[PDB]
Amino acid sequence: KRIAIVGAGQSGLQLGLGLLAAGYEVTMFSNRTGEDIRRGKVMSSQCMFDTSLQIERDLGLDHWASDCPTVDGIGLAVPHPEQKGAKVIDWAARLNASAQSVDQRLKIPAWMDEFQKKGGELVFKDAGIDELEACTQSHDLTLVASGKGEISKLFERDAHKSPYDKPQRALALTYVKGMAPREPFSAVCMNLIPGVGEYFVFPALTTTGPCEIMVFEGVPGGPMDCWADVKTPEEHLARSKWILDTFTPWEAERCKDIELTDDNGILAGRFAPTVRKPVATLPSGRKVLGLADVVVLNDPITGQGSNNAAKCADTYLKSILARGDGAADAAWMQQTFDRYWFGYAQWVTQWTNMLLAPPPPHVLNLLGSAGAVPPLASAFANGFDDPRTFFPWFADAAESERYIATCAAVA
């Protein structure tokens, strides 16, 4: 009946709003005001594919569906090693159903407002152990949904599920107005720069209206690990254009007139992919359950964290409702996570962690073959809505050849 959530983010607010609609009392702790979120720095590029969007629709939370531009496909390009300014791989495929990117600076504050209107108890505090000890005495279940916040480290890192202990990419975001729209359909335009990094770009909705989000990922120490000397929004926009001019001149043609959406429409950072154990034990001996990025944190290279957050909150909501009047004990907590991990997130995580490493030959062959086998390009693109569908053919050479043949037979 009474549920506490620490962290008013994507997963926490989605879960809390779903619980309020199911008749629960919900207490939520936020460490920021809605307006400070709206006007602060961007946090994500939040490209959500149709399955995730549908979870929001089923809860009545798709408040920006008509205003947010759709992302209608996925494109992949690789620079040509010899031919200057050209591409050796350049293909695209349409998504079976649109994706959408609604700036968390819009969504989270609006969902905070809705949470209050629907009877939630919003408490404004940077929560720590004392708040978790208090919550665990007055609530039937307490979840930690604090994303990358320091309190997420209460949960023990799971070494076996975490192959990396260091960041594998240097990240940056740039929200811009003025970019030439993609024709004849919008897409996530992926640009893979061998041994250097990746640039992704797609339309989105932010606090000043429709835009495009530039996403940069650089191999640490390399030419796209280039944000440390950037100290002003103007320097950040300049650096963004320098990457395109240097590595993706075909995308620079779309950017002759770009401007930041706002001075806080920029981000630079990095983190190590990490999986954690879901049950944390407080000094009192009482227990809390971690949600979404607290327990499974992937590098953004595959565009999956928000998708994972919506699917994780959906799985946890269903588990809570199915438990009914039963106690939310450690066993129940652990099984709830296990269903998320073994059923889904282990495959998103293995796929993303593989793609962070240098691509093996059979992967380069897949990417080339997709350009000449449209069913394979379509399988690649739509796999982003459910990355389980990449296994076993993406990771294994022999299986990749079998799947290429399957796709070729229906081309």
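Numbering starts at 1 and runs along the sequence shown.
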Do the C-alpha atoms of 116-124 or of 78-86 have the higher average B factor in the entry?
78-86
Mean CA temperature factor from the deposited coordinates, higher in 340-348 or in 360-368?
360-368
For the listed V196, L143, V296, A99, which has the peak Cα B-factor recorded in the PDB entry?
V196
Compare the CA B factors listed in the entry for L317, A310, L289, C135 and report the winner.
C135
For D72, return the chain-relative third of its C-alpha B-factor as stated in the PDB record: lowest, middle or highest.
lowest
Here the Cα B-factor of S44, set against its chain, lands in the third termed middle
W111: CA temperature factor from the record, placed by chain third, in the lowest
By the record's CA B-factor, is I5 among the lowest, middle or highest third of residues in the chain?
lowest
How does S52 rank on Cα B-factor within its chain, lowest, middle or highest third?
lowest
